[PDB]
Amino acid sequence: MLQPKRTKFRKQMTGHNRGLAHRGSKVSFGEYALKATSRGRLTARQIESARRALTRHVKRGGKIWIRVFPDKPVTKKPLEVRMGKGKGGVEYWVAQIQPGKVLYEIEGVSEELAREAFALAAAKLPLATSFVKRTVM
Amino acid sequence: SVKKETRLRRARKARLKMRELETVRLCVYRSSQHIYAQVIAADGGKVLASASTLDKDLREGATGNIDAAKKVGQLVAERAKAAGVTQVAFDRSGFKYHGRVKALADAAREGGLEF
Amino acid sequence: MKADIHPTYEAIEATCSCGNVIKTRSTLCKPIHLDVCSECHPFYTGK
Amino acid sequence: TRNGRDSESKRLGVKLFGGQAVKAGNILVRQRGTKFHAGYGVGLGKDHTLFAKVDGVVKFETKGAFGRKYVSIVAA
Amino acid sequence: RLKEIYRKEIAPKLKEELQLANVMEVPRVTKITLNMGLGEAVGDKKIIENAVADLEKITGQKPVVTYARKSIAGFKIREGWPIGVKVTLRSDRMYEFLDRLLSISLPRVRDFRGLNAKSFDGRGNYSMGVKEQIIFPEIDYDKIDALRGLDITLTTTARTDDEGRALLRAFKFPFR
Amino acid sequence: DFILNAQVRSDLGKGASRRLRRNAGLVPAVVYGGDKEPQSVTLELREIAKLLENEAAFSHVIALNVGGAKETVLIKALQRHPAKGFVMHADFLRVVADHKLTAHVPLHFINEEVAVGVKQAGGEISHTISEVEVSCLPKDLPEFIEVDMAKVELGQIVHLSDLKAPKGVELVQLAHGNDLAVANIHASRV
RNA sequence: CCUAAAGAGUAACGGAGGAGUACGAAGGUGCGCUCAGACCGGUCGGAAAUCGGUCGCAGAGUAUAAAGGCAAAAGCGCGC
RNA sequence: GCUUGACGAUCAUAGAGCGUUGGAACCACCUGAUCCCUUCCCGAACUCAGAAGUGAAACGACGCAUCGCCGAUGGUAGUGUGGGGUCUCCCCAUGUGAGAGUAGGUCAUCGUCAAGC
Ligand SMILES: [Mg+2]
Ligand SMILES: [Mg+2]
Ligand SMILES: [Mg+2]
Ligand SMILES: [Mg+2]
Ligand SMILES: [Mg+2]
Ligand SMILES: [Mg+2]
Ligand SMILES: [Mg+2]
Ligand SMILES: [Mg+2]
Ligand SMILES: [Mg+2]
Ligand SMILES: [Mg+2]
Ligand SMILES: [Mg+2]
Ligand SMILES: [Mg+2]
Ligand SMILES: [Mg+2]
Ligand SMILES: [Mg+2]
Ligand SMILES: [Mg+2]
Ligand SMILES: [Mg+2]
Ligand SMILES: [Mg+2]
Ligand SMILES: [Mg+2]
Ligand SMILES: [Mg+2]
Ligand SMILES: [Zn+2]
């Protein structure tokens, strides 16, 4: 479960998630990547659970990159608690995801073996995903 | 050099006050051989009157001591009058007001113009 | 140099037992007799 | 909750903009520190307030070294 | 004195030993500063004037006390506390001190075959160390407090330490 | 064959460009370089995308037929939709016989199965960069820089300075005092 | 200080910190000077004291929170 | 018309780095501390009296884009007004329009006065 070692502030506002990803949308390191097509946010329990499913399938050589870091704290107000009286305590960490963002990368394996490995990871994530290779530009 | 760049910073406070007030400025410059004096009009753009030990009546050889500055200081006062200037400010340009520059100023006071 | 805050500083003389005299102005106020100098030191000559 | 505090707002900012007619003694900019520096015909208060010493027009020019911003008064 | 010795023959010989072209670029020695860092006297304050009183005799010039630039409690000091004294010697005073150092006191300290020639910084300045002050004259052995470690520094207009060593090869420095 | 057909574009802006992609199936483009003013053109989407699956698309010179005129250009930059990936805008750099030009050239790794660090010590290859920035006259622009890793011991690092470029080709990054690693051999992950 | 939507203003048992003093010099003026830090050499201290040199330009400082300022330094020293 | 010095306009397209180069005059270094003045010590700095030396350093001039700094066109993001949708978000008509990146540029341009050439 990824989270920052320390933060300047404990809490954050909900904010909004708009636009597309013109930054972080290319295959920078590996040769095949899993891209995001819908927007949403990954909760650092899905990111871990999709990494376990991906490396277990290959389990022979290869290298794997994670390109998403969950660094936005979210809170929940405990049960049977009225409205108000402060802001709730931090529960888990999430990463904001925009269409076009690259999530995982891999190399050192076959082109086909990458497809079964990313299909196992894509089933644990709450958004639509796509498979892309690396182009010169 | 460090010596010259430190002095040019010593001269900034007085030169930036004479512009806020917008007054005529009498600027003195000293070197190891000669001493100079200028009258700067109102904002730095123009020079009205000037004198130094380089003119063809002080080229004699004792051009770098106290009594060489006295002749220059009272010489610019004569030339200042022809320009119809009076009530100027003195600008030591960062040099200490003690020696040659003080003799050049003290001649200008008796030379006719008032600070 | 300031005035009246430093020790008196004077020419004096120095003599070494090796038959050596060197002029050196200092603050002894009294000539002194030496025993070893650069003319007679072992590790200045090669011992 | 251990947070509910704030302070009254001080109403700082540019009072007269560029091209406007000023009278002597008018207050031009209210500041903390010197975000605008005093130019021609402009004085500085003891809390970094820019006021007018002459009459004319607000200028709002940036010039010189250090890349400062100057408020001055020019003839109307 | 050594001042005459320098400009009469040291300069012309050193001009050719380095293939120098201009007489202005020949290396020269500018100032000598000694100091002595008194880690003690934090709880005494009484040896400071003893340390001061010692150092006019050695140099013929009044020293001045230096204070702590910072607190740092590991050494149990506070900012603005007297930590050491220093002197600066220039022109004729340093030359006569230099003669008084080469052979009045240096040969007779206790020991040593010489001085190391690797004690040069990158810009041709040499600094050495003195364990016991009593190596100097005008401080007799029967009226002193605990022995204290004076320090010596040389500042030269030498661009690098190669010719700075050559200059200190003149003045006949005992280099090993 | 590296041929493109383009027509002169007169209507500019966001509203006019969004119409080209939506209705006509075209793509806006720019032709700058040489000593001439930039010219705005448009070209078919299915034709620019057909040229882009050649390996040496960006490392080879193209003859862009604009209307009835012809000229020699090279793909400089390329804009793509972040999610869908199709090309949205492309700009060409004109080619002059006496003028240096920079380009991105892919790397071919050869005889990997012959690598010493793999058969003997059981290592693994990891390409770090698959392209380089070059600077050469257009007469000797290479299609690909061939990097050889037959004689690479386990744990060896291959830098820019270790490979060979053709006649009159510079590696740019190497010239700027920064020779970043190309590939390596490392022990298996686990 | 943020919320606060690039003039001002703007709420919640919204998110974060401080105050209920200090100073006869820590005020005025004239004159003078630049920091933190890194590295090299140097007697005991030694990663870090005092010293010399090079680099650096504000990463220092500002009686006291944070924001906005600071070369005519608003920072540091001395005389009156 | 050129060189030097002083004062300004303008604050990197004007800066940094590298190389060459100037001493007849100016400038700097320079010689000395009697005298004016000075150092919480010291003629280092400040000051004074000068004329044997040297352009070594500093400074000025002339070169190079290596770093820095400027920087299009085109496209993209955002956005006021009116209208839509599958409405946590986007699309259409109209007006507006960056930031970053690319082609490329830059080793400045002026005014007054004084001595010379
Ligand atoms: Mg909310
Ligand atoms: Mg972004
Ligand atoms: Mg001042
Ligand atoms: Mg609150
Ligand atoms: Mg609060
Ligand atoms: Mg409020
Ligand atoms: Mg006031
Ligand atoms: Mg529109
Ligand atoms: Mg508003
Ligand atoms: Mg507001
Ligand atoms: Mg209300
Ligand atoms: Mg409280
Ligand atoms: Mg204060
Ligand atoms: Mg130090
Ligand atoms: Mg200043
Ligand atoms: Mg001198
Ligand atoms: Mg545009
Ligand atoms: Mg636009
Ligand atoms: Mg732009
Ligand atoms: Zn002897």
# chains A, B, ... in the order shown; residues from 1 in each chain; ligands from 1

$ residues_around --residues "residue 66 (chain A)" --least-positions-apart "5" --cutoff "8 Å" --atoms "only C-alpha atoms (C1' of nucleotides)" --output "CSV table (one decimal) with N, CA and C atoms, in the first residue's frame"
chain,number,residue,atom,x,y,z
A,103,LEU,N,-0.5,3.5,-16.7
A,103,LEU,CA,-0.6,3.0,-15.3
A,103,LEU,C,0.6,2.1,-15.0
A,104,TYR,N,0.8,1.1,-15.8
A,104,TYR,CA,1.9,0.1,-15.6
A,104,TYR,C,2.7,-0.1,-16.9
A,105,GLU,N,4.0,-0.5,-16.8
A,105,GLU,CA,4.8,-0.8,-18.0
A,105,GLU,C,5.6,-2.0,-17.7

$ residues_around --residues "residue 122 (chain F)" --least-positions-apart "6" --cutoff "10 Å" --atoms "only C-alpha atoms (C1' of nucleotides)" --output "list in words"
residues 115, 116, 154, 185, 186, 187 and 188 of chain F

$ atom_distance --atom1 "CA of residue 175 (chain F)" --atom2 "CA of residue 136 (chain A)"
22.1 Å

$ select_by_dssp --residues "chain B" --states "strand (DSSP E or B)" --output "PyMOL selection string"
chain B and resi 25-30+35-40+47-52+89-91

$ write_last_selection --atoms "N, CA and C atoms" --output "mmCIF file, in the first residue's frame"
data_model
loop_
_atom_site.group_PDB
_atom_site.id
_atom_site.type_symbol
_atom_site.label_atom_id
_atom_site.label_comp_id
_atom_site.auth_asym_id
_atom_site.auth_seq_id
_atom_site.Cartn_x
_atom_site.Cartn_y
_atom_site.Cartn_z
ATOM 1 N N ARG B 25 23.750 69.265 -8.915
ATOM 2 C CA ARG B 25 24.733 68.472 -8.191
ATOM 3 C C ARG B 25 26.139 68.832 -8.642
ATOM 4 N N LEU B 26 27.038 69.030 -7.679
ATOM 5 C CA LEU B 26 28.456 69.260 -7.944
ATOM 6 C C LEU B 26 29.217 67.986 -7.595
ATOM 7 N N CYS B 27 29.723 67.301 -8.614
ATOM 8 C CA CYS B 27 30.329 65.985 -8.458
ATOM 9 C C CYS B 27 31.845 66.096 -8.558
ATOM 10 N N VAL B 28 32.548 65.500 -7.598
ATOM 11 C CA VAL B 28 34.004 65.540 -7.538
ATOM 12 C C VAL B 28 34.541 64.130 -7.730
ATOM 13 N N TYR B 29 35.618 64.013 -8.496
ATOM 14 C CA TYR B 29 36.262 62.735 -8.754
ATOM 15 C C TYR B 29 37.755 62.877 -8.524
ATOM 16 N N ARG B 30 38.338 61.901 -7.837
ATOM 17 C CA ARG B 30 39.734 61.964 -7.442
ATOM 18 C C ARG B 30 40.460 60.710 -7.896
ATOM 19 N N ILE B 35 42.435 65.596 -9.997
ATOM 20 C CA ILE B 35 41.139 65.746 -9.350
ATOM 21 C C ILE B 35 40.229 66.526 -10.288
ATOM 22 N N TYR B 36 38.960 66.127 -10.343
ATOM 23 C CA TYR B 36 38.010 66.651 -11.311
ATOM 24 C C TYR B 36 36.787 67.188 -10.585
ATOM 25 N N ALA B 37 36.034 68.036 -11.278
ATOM 26 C CA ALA B 37 34.785 68.561 -10.748
ATOM 27 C C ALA B 37 33.834 68.837 -11.901
ATOM 28 N N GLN B 38 32.561 68.497 -11.705
ATOM 29 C CA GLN B 38 31.530 68.719 -12.706
ATOM 30 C C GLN B 38 30.285 69.272 -12.034
ATOM 31 N N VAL B 39 29.459 69.948 -12.823
ATOM 32 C CA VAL B 39 28.157 70.428 -12.379
ATOM 33 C C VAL B 39 27.102 69.733 -13.226
ATOM 34 N N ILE B 40 26.289 68.894 -12.590
ATOM 35 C CA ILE B 40 25.314 68.059 -13.282
ATOM 36 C C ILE B 40 23.942 68.695 -13.128
ATOM 37 N N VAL B 47 25.733 68.093 -18.494
ATOM 38 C CA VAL B 47 26.804 68.695 -17.711
ATOM 39 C C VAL B 47 26.862 70.174 -18.055
ATOM 40 N N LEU B 48 26.863 71.021 -17.029
ATOM 41 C CA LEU B 48 26.818 72.465 -17.230
ATOM 42 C C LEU B 48 28.214 73.080 -17.236
ATOM 43 N N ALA B 49 28.959 72.910 -16.149
ATOM 44 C CA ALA B 49 30.311 73.436 -16.049
ATOM 45 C C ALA B 49 31.207 72.389 -15.412
ATOM 46 N N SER B 50 32.481 72.406 -15.793
ATOM 47 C CA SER B 50 33.435 71.440 -15.273
ATOM 48 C C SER B 50 34.833 72.034 -15.303
ATOM 49 N N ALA B 51 35.672 71.562 -14.387
ATOM 50 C CA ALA B 51 37.060 71.986 -14.322
ATOM 51 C C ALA B 51 37.881 70.855 -13.726
ATOM 52 N N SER B 52 39.172 70.864 -14.032
ATOM 53 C CA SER B 52 40.083 69.828 -13.567
ATOM 54 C C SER B 52 41.505 70.354 -13.686
ATOM 55 N N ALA B 89 24.325 71.082 -4.716
ATOM 56 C CA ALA B 89 24.661 70.114 -3.687
ATOM 57 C C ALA B 89 26.034 69.525 -3.976
ATOM 58 N N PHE B 90 26.726 69.105 -2.922
ATOM 59 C CA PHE B 90 28.055 68.528 -3.060
ATOM 60 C C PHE B 90 27.969 67.009 -3.064
ATOM 61 N N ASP B 91 28.679 66.386 -3.998
ATOM 62 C CA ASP B 91 28.677 64.937 -4.174
ATOM 63 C C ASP B 91 30.111 64.431 -4.099
#

$ residues_near_ligand --ligand "ligand 5" --cutoff "9 Å" --atoms "only C-alpha atoms (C1' of nucleotides) and all ligand atoms" --output "number ranges by chain"
D: 2-6; G: 1, 15-17

$ write_last_selection --atoms "N, CA, C and O atoms (P, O5', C5', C4', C3', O3' and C1' of nucleotides)" --output "PDB file, in the first residue's frame"
ATOM      1  N   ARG D   2     -10.607  22.287  16.627  1.00  0.00           N
ATOM      2  CA  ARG D   2      -9.749  23.215  17.354  1.00  0.00           C
ATOM      3  C   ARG D   2      -9.181  24.247  16.397  1.00  0.00           C
ATOM      4  O   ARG D   2      -7.978  24.505  16.365  1.00  0.00           O
ATOM      5  N   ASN D   3     -10.054  24.848  15.588  1.00  0.00           N
ATOM      6  CA  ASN D   3      -9.602  25.597  14.425  1.00  0.00           C
ATOM      7  C   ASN D   3     -10.291  26.928  14.176  1.00  0.00           C
ATOM      8  O   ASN D   3      -9.790  27.688  13.345  1.00  0.00           O
ATOM      9  N   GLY D   4     -11.394  27.252  14.839  1.00  0.00           N
ATOM     10  CA  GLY D   4     -12.243  28.328  14.353  1.00  0.00           C
ATOM     11  C   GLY D   4     -11.801  29.757  14.605  1.00  0.00           C
ATOM     12  O   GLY D   4     -12.427  30.461  15.399  1.00  0.00           O
ATOM     13  N   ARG D   5     -10.753  30.215  13.927  1.00  0.00           N
ATOM     14  CA  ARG D   5     -10.250  31.567  14.118  1.00  0.00           C
ATOM     15  C   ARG D   5      -9.862  32.186  12.784  1.00  0.00           C
ATOM     16  O   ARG D   5      -9.432  31.496  11.860  1.00  0.00           O
ATOM     17  N   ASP D   6     -10.012  33.504  12.703  1.00  0.00           N
ATOM     18  CA  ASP D   6      -9.582  34.295  11.558  1.00  0.00           C
ATOM     19  C   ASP D   6      -9.530  35.747  12.011  1.00  0.00           C
ATOM     20  O   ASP D   6      -9.894  36.070  13.143  1.00  0.00           O
TER      21      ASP D   6
ATOM     22  P     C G   1      -2.992  37.500   5.420  1.00  0.00           P
ATOM     23  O5'   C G   1      -2.921  35.966   5.022  1.00  0.00           O
ATOM     24  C5'   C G   1      -1.714  35.408   4.543  1.00  0.00           C
ATOM     25  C4'   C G   1      -1.798  33.913   4.389  1.00  0.00           C
ATOM     26  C3'   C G   1      -2.987  33.367   3.630  1.00  0.00           C
ATOM     27  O3'   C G   1      -2.890  33.539   2.230  1.00  0.00           O
ATOM     28  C1'   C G   1      -2.587  32.037   5.532  1.00  0.00           C
ATOM     29  P     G G  15     -11.901  21.412  10.624  1.00  0.00           P
ATOM     30  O5'   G G  15     -10.780  21.730   9.547  1.00  0.00           O
ATOM     31  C5'   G G  15     -10.340  20.741   8.634  1.00  0.00           C
ATOM     32  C4'   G G  15      -9.160  21.232   7.842  1.00  0.00           C
ATOM     33  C3'   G G  15      -7.903  21.519   8.641  1.00  0.00           C
ATOM     34  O3'   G G  15      -7.146  20.359   8.928  1.00  0.00           O
ATOM     35  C1'   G G  15      -8.336  23.318   7.181  1.00  0.00           C
ATOM     36  P     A G  16      -6.495  20.157  10.379  1.00  0.00           P
ATOM     37  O5'   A G  16      -5.161  21.017  10.327  1.00  0.00           O
ATOM     38  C5'   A G  16      -5.096  22.301  10.925  1.00  0.00           C
ATOM     39  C4'   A G  16      -3.981  23.134  10.346  1.00  0.00           C
ATOM     40  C3'   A G  16      -3.059  23.796  11.355  1.00  0.00           C
ATOM     41  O3'   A G  16      -2.058  22.926  11.850  1.00  0.00           O
ATOM     42  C1'   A G  16      -3.736  25.391   9.763  1.00  0.00           C
ATOM     43  P     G G  17      -1.497  23.111  13.342  1.00  0.00           P
ATOM     44  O5'   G G  17      -1.546  24.684  13.565  1.00  0.00           O
ATOM     45  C5'   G G  17      -0.779  25.314  14.576  1.00  0.00           C
ATOM     46  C4'   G G  17      -0.132  26.572  14.058  1.00  0.00           C
ATOM     47  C3'   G G  17       0.245  27.608  15.099  1.00  0.00           C
ATOM     48  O3'   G G  17       1.456  27.311  15.764  1.00  0.00           O
ATOM     49  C1'   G G  17      -0.880  28.669  13.331  1.00  0.00           C
TER      50        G G  17
END

$ select_by_dssp --residues "region 38-96 of chain E" --states "helix (DSSP H, G or I)" --output "list in words"
residues 47, 48, 49, 50, 51, 52, 53, 54, 55, 56, 57, 58, 59, 73, 74, 75, 92, 93, 94, 95 and 96 of chain E

$ write_last_selection --atoms "C-alpha atoms" --output "short mmCIF file (atom, residue, chain, number, x, y, z; two decimals), in the first residue's frame"
data_model
loop_
_atom_site.label_atom_id
_atom_site.label_comp_id
_atom_site.auth_asym_id
_atom_site.auth_seq_id
_atom_site.Cartn_x
_atom_site.Cartn_y
_atom_site.Cartn_z
CA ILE E 47 44.01 33.29 31.07
CA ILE E 48 42.60 35.49 28.29
CA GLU E 49 44.66 38.46 29.41
CA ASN E 50 47.50 36.03 30.15
CA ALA E 51 47.12 34.77 26.58
CA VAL E 52 46.99 38.39 25.44
CA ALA E 53 49.92 39.36 27.67
CA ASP E 54 51.99 36.55 26.18
CA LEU E 55 51.41 37.53 22.59
CA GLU E 56 52.75 41.09 22.57
CA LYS E 57 56.11 39.73 23.72
CA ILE E 58 56.24 37.27 20.83
CA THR E 59 55.16 39.81 18.21
CA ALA E 73 26.70 23.54 22.93
CA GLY E 74 28.78 20.45 22.16
CA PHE E 75 31.84 22.57 22.94
CA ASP E 92 58.64 45.51 8.21
CA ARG E 93 57.26 43.99 11.42
CA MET E 94 56.69 40.59 9.80
CA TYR E 95 60.11 40.48 8.13
CA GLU E 96 61.91 40.93 11.44
#

$ interface_residues --of "chain A" --to "chain G" --cutoff "7 Å" --atoms "only C-alpha atoms (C1' of nucleotides)" --output "JSON, numbers by chain"
{"A": [84, 85, 86]}

$ residues_near_ligand --ligand "ligand 11" --cutoff "12 Å" --atoms "only C-alpha atoms (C1' of nucleotides) and all ligand atoms" --output "list in words"
residues 9, 10, 11 and 12 of chain G

$ write_last_selection --atoms "N, CA and C atoms (P, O5', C5', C4', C3', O3' and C1' of nucleotides)" --output "PDB file, in the first residue's frame"
ATOM      1  P     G G   9     -10.820  42.596   1.318  1.00  0.00           P
ATOM      2  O5'   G G   9     -12.297  42.253   1.795  1.00  0.00           O
ATOM      3  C5'   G G   9     -13.093  43.189   2.504  1.00  0.00           C
ATOM      4  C4'   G G   9     -14.562  42.903   2.320  1.00  0.00           C
ATOM      5  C3'   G G   9     -15.002  41.481   2.622  1.00  0.00           C
ATOM      6  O3'   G G   9     -15.255  41.272   4.000  1.00  0.00           O
ATOM      7  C1'   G G   9     -15.891  42.161   0.541  1.00  0.00           C
ATOM      8  P     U G  10     -14.785  39.920   4.717  1.00  0.00           P
ATOM      9  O5'   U G  10     -15.765  38.815   4.140  1.00  0.00           O
ATOM     10  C5'   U G  10     -17.141  38.809   4.476  1.00  0.00           C
ATOM     11  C4'   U G  10     -17.891  37.799   3.654  1.00  0.00           C
ATOM     12  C3'   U G  10     -17.421  36.361   3.785  1.00  0.00           C
ATOM     13  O3'   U G  10     -18.043  35.693   4.869  1.00  0.00           O
ATOM     14  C1'   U G  10     -17.706  36.934   1.491  1.00  0.00           C
ATOM     15  P     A G  11     -17.390  35.662   6.334  1.00  0.00           P
ATOM     16  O5'   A G  11     -18.199  34.514   7.077  1.00  0.00           O
ATOM     17  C5'   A G  11     -19.594  34.637   7.313  1.00  0.00           C
ATOM     18  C4'   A G  11     -20.310  33.324   7.120  1.00  0.00           C
ATOM     19  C3'   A G  11     -19.713  32.128   7.840  1.00  0.00           C
ATOM     20  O3'   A G  11     -20.155  32.051   9.181  1.00  0.00           O
ATOM     21  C1'   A G  11     -20.218  31.555   5.597  1.00  0.00           C
ATOM     22  P     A G  12     -19.227  31.418  10.321  1.00  0.00           P
ATOM     23  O5'   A G  12     -19.477  29.857  10.198  1.00  0.00           O
ATOM     24  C5'   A G  12     -20.723  29.280  10.546  1.00  0.00           C
ATOM     25  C4'   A G  12     -20.763  27.836  10.129  1.00  0.00           C
ATOM     26  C3'   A G  12     -19.645  26.969  10.682  1.00  0.00           C
ATOM     27  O3'   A G  12     -19.936  26.469  11.973  1.00  0.00           O
ATOM     28  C1'   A G  12     -19.821  26.636   8.350  1.00  0.00           C
TER      29        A G  12
END

$ residues_near_ligand --ligand "ligand 2" --cutoff "12 Å" --atoms "only C-alpha atoms (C1' of nucleotides) and all ligand atoms" --output "PDB file with C-alpha atoms (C1' of nucleotides), in the first residue's frame"
ATOM      1  CA  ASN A  17     -11.045  15.812 -11.568  1.00  0.00           C
ATOM      2  CA  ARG A  18     -11.241  17.373 -15.036  1.00  0.00           C
ATOM      3  CA  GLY A  19      -9.332  17.393 -18.296  1.00  0.00           C
ATOM      4  CA  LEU A  20      -7.235  14.800 -20.085  1.00  0.00           C
ATOM      5  CA  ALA A  21      -3.670  13.664 -19.425  1.00  0.00           C
ATOM      6  CA  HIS A  22      -1.277  15.425 -21.769  1.00  0.00           C
ATOM      7  CA  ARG A  23       1.474  14.621 -19.240  1.00  0.00           C
ATOM      8  CA  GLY A  24       2.216  11.046 -18.271  1.00  0.00           C
ATOM      9  CA  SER A  25       0.490   9.570 -21.326  1.00  0.00           C
ATOM     10  CA  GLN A  96      -6.450  10.962  -9.469  1.00  0.00           C
ATOM     11  CA  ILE A  97      -6.698   9.317 -12.893  1.00  0.00           C
ATOM     12  CA  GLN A  98      -7.477  11.085 -16.168  1.00  0.00           C
ATOM     13  CA  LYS A 101      -2.695   8.176 -18.286  1.00  0.00           C
TER      14      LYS A 101
ATOM     15  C1'   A H  77      -5.682  23.566 -22.788  1.00  0.00           C
ATOM     16  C1'   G H  99       1.941  27.650 -20.629  1.00  0.00           C
ATOM     17  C1'   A H 100       5.507  24.190 -22.379  1.00  0.00           C
TER      18        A H 100
END

$ residues_near_ligand --ligand "ligand 16" --cutoff "9 Å" --atoms "only C-alpha atoms (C1' of nucleotides) and all ligand atoms" --output "list in words"
residues 29, 30, 31 and 43 of chain H

$ interface_residues --of "chain H" --to "chain E" --cutoff "6 Å" --atoms "only C-alpha atoms (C1' of nucleotides)" --output "MDAnalysis selection string"
chainID H and resid 41:42 56

$ atom_distance --atom1 "CA of residue 18 (chain B)" --atom2 "CA of residue 88 (chain B)"
9.9 Å

$ interface_residues --of "chain H" --to "chain F" --cutoff "7 Å" --atoms "only C-alpha atoms (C1' of nucleotides)" --output "number ranges by chain"
H: 73-75, 103

$ write_last_selection --atoms "N, CA and C atoms (P, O5', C5', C4', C3', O3' and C1' of nucleotides)" --output "PDB file, in the first residue's frame"
ATOM      1  P     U H  73       3.069  33.770 -33.377  1.00  0.00           P
ATOM      2  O5'   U H  73       2.785  32.880 -34.663  1.00  0.00           O
ATOM      3  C5'   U H  73       2.939  33.415 -35.968  1.00  0.00           C
ATOM      4  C4'   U H  73       3.038  32.321 -37.002  1.00  0.00           C
ATOM      5  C3'   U H  73       1.971  31.243 -36.940  1.00  0.00           C
ATOM      6  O3'   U H  73       0.755  31.635 -37.550  1.00  0.00           O
ATOM      7  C1'   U H  73       4.091  30.240 -37.182  1.00  0.00           C
ATOM      8  P     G H  74      -0.650  31.314 -36.846  1.00  0.00           P
ATOM      9  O5'   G H  74      -0.718  29.725 -36.793  1.00  0.00           O
ATOM     10  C5'   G H  74      -0.888  28.963 -37.976  1.00  0.00           C
ATOM     11  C4'   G H  74      -0.620  27.499 -37.738  1.00  0.00           C
ATOM     12  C3'   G H  74      -1.477  26.819 -36.687  1.00  0.00           C
ATOM     13  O3'   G H  74      -2.760  26.471 -37.169  1.00  0.00           O
ATOM     14  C1'   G H  74       0.779  26.197 -36.389  1.00  0.00           C
ATOM     15  P     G H  75      -4.045  26.587 -36.218  1.00  0.00           P
ATOM     16  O5'   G H  75      -3.891  25.379 -35.196  1.00  0.00           O
ATOM     17  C5'   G H  75      -4.038  24.036 -35.625  1.00  0.00           C
ATOM     18  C4'   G H  75      -3.443  23.070 -34.634  1.00  0.00           C
ATOM     19  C3'   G H  75      -4.123  22.996 -33.282  1.00  0.00           C
ATOM     20  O3'   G H  75      -5.290  22.199 -33.285  1.00  0.00           O
ATOM     21  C1'   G H  75      -1.798  23.160 -32.970  1.00  0.00           C
ATOM     22  P     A H 103      14.551  23.110 -33.247  1.00  0.00           P
ATOM     23  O5'   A H 103      14.046  24.110 -34.374  1.00  0.00           O
ATOM     24  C5'   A H 103      13.754  23.648 -35.682  1.00  0.00           C
ATOM     25  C4'   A H 103      13.410  24.788 -36.602  1.00  0.00           C
ATOM     26  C3'   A H 103      14.429  25.912 -36.688  1.00  0.00           C
ATOM     27  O3'   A H 103      15.519  25.617 -37.540  1.00  0.00           O
ATOM     28  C1'   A H 103      12.278  26.829 -36.419  1.00  0.00           C
TER      29        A H 103
END

$ residues_near_ligand --ligand "ligand 20" --cutoff "7 Å" --atoms "only C-alpha atoms (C1' of nucleotides) and all ligand atoms" --output "ChimeraX atom specification"
/C:16-20,35-41

$ residues_near_ligand --ligand "ligand 15" --cutoff "12 Å" --atoms "only C-alpha atoms (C1' of nucleotides) and all ligand atoms" --output "ChimeraX atom specification"
/B:5-16,94 /G:32-34,70-73,75

$ atom_distance --atom1 "CA of residue 147 (chain E)" --atom2 "CA of residue 72 (chain E)"
26.2 Å

$ interface_residues --of "chain H" --to "chain D" --cutoff "12 Å" --atoms "only C-alpha atoms (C1' of nucleotides)" --output "ChimeraX atom specification"
/H:9-12

$ residues_near_ligand --ligand "ligand 14" --cutoff "12 Å" --atoms "only C-alpha atoms (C1' of nucleotides) and all ligand atoms" --output "list in words"
residues 69 of chain E; 37, 38, 39, 40, 41, 42, 49, 50, 51, 52, 53 and 54 of chain G

$ interface_residues --of "chain H" --to "chain B" --cutoff "9 Å" --atoms "only C-alpha atoms (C1' of nucleotides)" --output "PyMOL selection string"
chain H and resi 6-9+27+36-37+45-50+58-59+111-115

$ residues_near_ligand --ligand "ligand 10" --cutoff "10 Å" --atoms "only C-alpha atoms (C1' of nucleotides) and all ligand atoms" --output "PyMOL selection string"
(chain D and resi 11-13) or (chain G and resi 4-10)
